[PDB]
Amino acid sequence: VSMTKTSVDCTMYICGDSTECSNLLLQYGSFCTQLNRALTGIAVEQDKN
Amino acid sequence: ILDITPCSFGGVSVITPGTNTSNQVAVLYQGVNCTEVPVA
Ligand SMILES: *[C@@H]1O[C@H](CO)[C@@H](O[C@@H]2O[C@H](CO)[C@@H](O)[C@H](O)[C@H]2NC(C)=O)[C@H](O)[C@H]1NC(C)=O
Ligand SMILES: *[C@@H]1O[C@H](CO)[C@@H](O)[C@H](O)[C@H]1NC(C)=O
């Protein structure tokens with residue numbers, strides 16, 4: 001019927017607690033939002049199911 | 001020997017009626033024993 005809802009904190013997975021990294025990740029734009037989106041959309045539809 | 005626990009974190013989800021109702025909001029710190037949040 002469902003699976004364990006997961007939010008992966010994208011920027012903290014990519015590089016935990018470095019701005020020296022985070023300001024480079026920002027040059028890639030939308031990807032780290034669209035990942036968080038997707039995973040939230042899948043988590044939300046578990047409650048739907 | 002010291003063990004490192006990484007400093008606590010989580011999703012923050014904001015709880016709101018419509019803004020067409022009120023600017024009052026509540027806030028959830030996902031998976032946090034928030035006895036630590038006022039200390040921050
Ligand atoms: C929230 O975290 C605190 C630790 O800061 C937990 O408190 C412990 O609870 C057990 C059971 O009551 C006691 O034996 C310990 O002595 C407590 N320690 C302190 C410092 O209070 C608390 O149980 C946690 N609660 C939840 C719901 O996560
Ligand atoms: C806001 O809600 C009220 C009813 O509570 C409604 O009359 C009003 O049309 C809503 N606002 C807008 C911008 O439509």
# chains A, B, ... in the order shown; residues from 1 in each chain; ligands from 1

$ interface_residues --of "chain A" --to "chain B" --cutoff "12 Å" --atoms "only C-alpha atoms" --output "list in words"
residues 6, 7, 8, 9, 10, 12, 16, 17, 36 and 40 of chain A

$ residues_near_ligand --ligand "ligand 1" --cutoff "10 Å" --atoms "only C-alpha atoms and all ligand atoms" --output "PyMOL selection string"
chain B and resi 31-36

$ residues_around --residues "residue B:27" --least-positions-apart "4" --cutoff "8 Å" --atoms "only C-alpha atoms" --output "PyMOL selection string"
chain B and resi 12-15

$ write_last_selection --atoms "C-alpha atoms" --output "PDB file, in the first residue's frame"
ATOM      1  CA  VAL B  12      11.358  22.826   8.345  1.00  0.00           C
ATOM      2  CA  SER B  13       7.740  22.687   7.238  1.00  0.00           C
ATOM      3  CA  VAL B  14       5.592  25.737   7.889  1.00  0.00           C
ATOM      4  CA  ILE B  15       1.907  25.199   8.831  1.00  0.00           C
TER       5      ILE B  15
END

$ residues_near_ligand --ligand "ligand 2" --cutoff "10 Å" --atoms "only C-alpha atoms and all ligand atoms" --output "ChimeraX atom specification"
/B:18-22

$ write_last_selection --atoms "N, CA, C and O atoms" --output "compact mmCIF listing (two decimals), in the first residue's frame"
# COMPACT_ATOMS: atom_id res chain seq x y z
N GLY B 18 -4.97 29.69 4.88
CA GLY B 18 -4.72 30.70 3.82
C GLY B 18 -4.13 31.98 4.40
O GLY B 18 -4.50 32.40 5.50
N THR B 19 -3.29 32.68 3.65
CA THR B 19 -2.91 34.07 3.97
C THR B 19 -4.12 34.99 3.85
O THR B 19 -4.27 35.96 4.59
N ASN B 20 -5.07 34.62 2.99
CA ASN B 20 -6.39 35.20 2.94
C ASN B 20 -7.24 34.94 4.21
O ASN B 20 -8.39 35.39 4.32
N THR B 21 -6.72 34.20 5.19
CA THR B 21 -7.23 34.12 6.56
C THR B 21 -6.37 34.91 7.52
O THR B 21 -6.86 35.79 8.22
N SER B 22 -5.08 34.58 7.64
CA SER B 22 -4.20 35.19 8.66
C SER B 22 -2.71 35.09 8.27
O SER B 22 -2.31 34.15 7.60

$ closest_residue --among "A:49, A:44, A:37, A:22" --to "residue A:5" --atoms "only C-alpha atoms"
A:44

$ select_by_dssp --residues "chain B" --states "strand (DSSP E)" --output "JSON, numbers by chain"
{"B": [12, 13, 14, 15, 26, 27, 28, 29]}

$ write_last_selection --atoms "C-alpha atoms" --output "PDB file, in the first residue's frame"
ATOM      1  CA  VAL B  12      11.358  22.826   8.345  1.00  0.00           C
ATOM      2  CA  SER B  13       7.740  22.687   7.238  1.00  0.00           C
ATOM      3  CA  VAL B  14       5.592  25.737   7.889  1.00  0.00           C
ATOM      4  CA  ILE B  15       1.907  25.199   8.831  1.00  0.00           C
ATOM      5  CA  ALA B  26       3.000  27.435  13.106  1.00  0.00           C
ATOM      6  CA  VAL B  27       6.295  25.682  12.311  1.00  0.00           C
ATOM      7  CA  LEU B  28       7.409  22.049  12.421  1.00  0.00           C
ATOM      8  CA  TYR B  29      11.052  20.965  12.785  1.00  0.00           C
TER       9      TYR B  29
END

$ residues_around --residues "residue A:1" --least-positions-apart "2" --cutoff "12 Å" --atoms "only C-alpha atoms" --output "list in words"
residues 3, 4, 45, 46, 47, 48 and 49 of chain A

$ write_last_selection --atoms "N, CA and C atoms" --output "PDB file, in the first residue's frame"
ATOM      1  N   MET A   3       5.219   3.002   0.988  1.00  0.00           N
ATOM      2  CA  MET A   3       6.634   2.827   1.333  1.00  0.00           C
ATOM      3  C   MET A   3       7.076   3.946   2.283  1.00  0.00           C
ATOM      4  N   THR A   4       8.195   3.730   2.971  1.00  0.00           N
ATOM      5  CA  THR A   4       8.762   4.687   3.917  1.00  0.00           C
ATOM      6  C   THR A   4       9.085   6.025   3.229  1.00  0.00           C
ATOM      7  N   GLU A  45       2.209  11.355  -1.962  1.00  0.00           N
ATOM      8  CA  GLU A  45       1.337  10.342  -2.520  1.00  0.00           C
ATOM      9  C   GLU A  45       1.303   9.027  -1.720  1.00  0.00           C
ATOM     10  N   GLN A  46       2.195   8.809  -0.742  1.00  0.00           N
ATOM     11  CA  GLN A  46       2.015   7.703   0.187  1.00  0.00           C
ATOM     12  C   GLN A  46       0.764   7.893   1.023  1.00  0.00           C
ATOM     13  N   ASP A  47       0.502   9.113   1.487  1.00  0.00           N
ATOM     14  CA  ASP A  47      -0.700   9.416   2.263  1.00  0.00           C
ATOM     15  C   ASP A  47      -1.924   9.301   1.369  1.00  0.00           C
ATOM     16  N   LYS A  48      -1.788   9.658   0.082  1.00  0.00           N
ATOM     17  CA  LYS A  48      -2.827   9.449  -0.903  1.00  0.00           C
ATOM     18  C   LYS A  48      -3.162   7.966  -0.967  1.00  0.00           C
ATOM     19  N   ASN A  49      -2.196   7.120  -1.312  1.00  0.00           N
ATOM     20  CA  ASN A  49      -2.326   5.661  -1.365  1.00  0.00           C
ATOM     21  C   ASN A  49      -2.983   5.137  -0.099  1.00  0.00           C
TER      22      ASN A  49
END
